[PDB]
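Given as structure tokens, the chain that follows is alone and in the form solved without adenosine-5'-diphosphate (ADP).
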């Protein structure tokens, strides 16, 4: 609603300063006083130590820096808890210059420093955004601007699915306006549409197109679709994130640079570091020339929002910018890319899906909690909704459509098309591939830490896992969601033991929070709500958005396991339970029936 660029930086700036102070202090408060360690290896050394199972909102992910006290040595996170033996290892960069230590979580200001310098440029730099973007971002009243361009004859792109009418219209409209919003409800084909938009923006031959999303998962998913059109795609990664796998690692800058057959000397110097002084002077220099060569030549650059603040992008201007999953980001974050020269900006997302995590309630309250997306809807830009969904069986989409998309969501797959070829699993109701299983297990504190678990519910999950596999379900196609790290640990260990089938087969099923499932689909989803308490919840327990994602990840079937009584007290969780009972599904003790 603002009036000036300085009046803009004026408000957000002091209020990014709250996140930065809060989390820097919060960070220093998660120091572990005396965990046990062991000197291992893997030379890129690594292994290992175990840490109190404790869930959060910003959890430790690979891309975090750590320190070891009790001699003083730093290093970065190599191993993070997941269904292959939850423990933590870190690569010391000083090859140890035994065995009761102290662990610190190093605080990095980069995310915030960049957000800070973004706002500054929005103030100091006249060439940071187009006049029209400049005025509209500050909420000024401006006459609409038409973007000149040649509309393609086919709106579909090369190596991508064809578009329905809502997608076509999104593409067609987006390409002709300087600022656009596209709301993309679950499985409505957001990233296809976005990739289709990017393809067209790239065919305009007109520098690299910039493409971002607040999370790495989100970028990767979109990097994968854009690549499918054949465009030259460079995917920028946090220098910190370089050792991580993805379906698109080969597209990543650091890798493309490693495969530079045209640069001897750098190729040489690279082998040596695989093991200095004056060599460090020239390795950095050639690496920089390598980076700029690929970045300059890309059709498309894909990174995080904070990602776009990277020094390596210095002094590059991006005229077309598409940010997907914008709804998931704070304004200052989402703004980091924008200030790199935007003249055409496309924000994609859904405020009914994952929202921005703010740690400092105070900053949250006083204005850090709102998307750029949301703030613009408020300012009156009408998002284009993607109308059809292709992921789930109608009954599975019914409840989410009704709560979030005012029951308007079309179904692109008929009930016929969502019966699994070879499934031997008749459901409590012959029509609806869903149910709620009732469990009154005992709530308990973590075996080591402060998160929570539930033994009975967990027991119940594994049998539902087993039953499903036996009907013909593939392990890679089954998910299990739980709000607690507690229940996550316990699921991992337990799954293989009381599991009748082969031990690796369960070990092939993914147990994660909601964040790990963002934008991903599976054939079956199991929820573990794990509450027998009425005590305030954290996951999809007390967040509609978070819950929406959970209910909209499966193609063929969704099974919810929880205490209907201990969750009823929450305006959305009861609408859920009520709707289920009416749909003649809410059950007890397998080979079962209805419940009260």
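Rigid core (definition): largest C-alpha set, two forms, superposition within 1.5 Å. Residue numbers count along the first chain shown, from 1.
Keep in mind the form deposited with adenosine-5'-diphosphate (ADP) bound is missing from the figure; the text below concerns it.
- Contact with adenosine-5'-diphosphate (ADP) in the entry with it bound, judged by any heavy atom within 4.5 Å, is made by just one of 162, 125, 265, 113: 162.
- Screening 191, 465, 304, 223 for any heavy atom within 4.5 Å of adenosine-5'-diphosphate (ADP) in the entry with it bound leaves a single hit, 191.
- Put simply, residue 439 is far from adenosine-5'-diphosphate (ADP) in the entry with it bound: not one heavy atom of it is within 4.5 Å.
- Interface residue remark: residue 187 is counted as part of the site for adenosine-5'-diphosphate (ADP) in the entry with it bound, having a heavy atom within 4.5 Å.
- At the 4.5 Å threshold, heavy atoms of residue 167 reach adenosine-5'-diphosphate (ADP) in the entry with it bound.
- Proximity of residue 101 to adenosine-5'-diphosphate (ADP) in the entry with it bound: non-hydrogen atoms within 4.5 Å are absent; the residue sits far from the partner.
- Shown alone, this chain has one stretch from 132-140, 76-84, 499-507, 191-199 that lies within 4.5 Å of adenosine-5'-diphosphate (ADP) in the entry with it bound by heavy atoms: 191-199.
- Compared between this form and the one not shown on the core, the listed residues 312, 282, 375, 239 keep their C-alpha shifts below 2 Å, save 282.
- With the core superposed, residue 421 shows a C-alpha displacement of at least 2 Å between this form and the one not shown.
- Annotation for residue 196: C-alpha shift under 2 angstroms between this form and the one not shown, rigid core superposed.
- In this overlay on the rigid core, residue 508 has a C-alpha that sits 2 Å or more away from its partner position between this form and the one not shown.
- Relative to the shown form, the Cα atoms of residue 519 and residue 369 move together by 3 Å or more in the entry with it bound.
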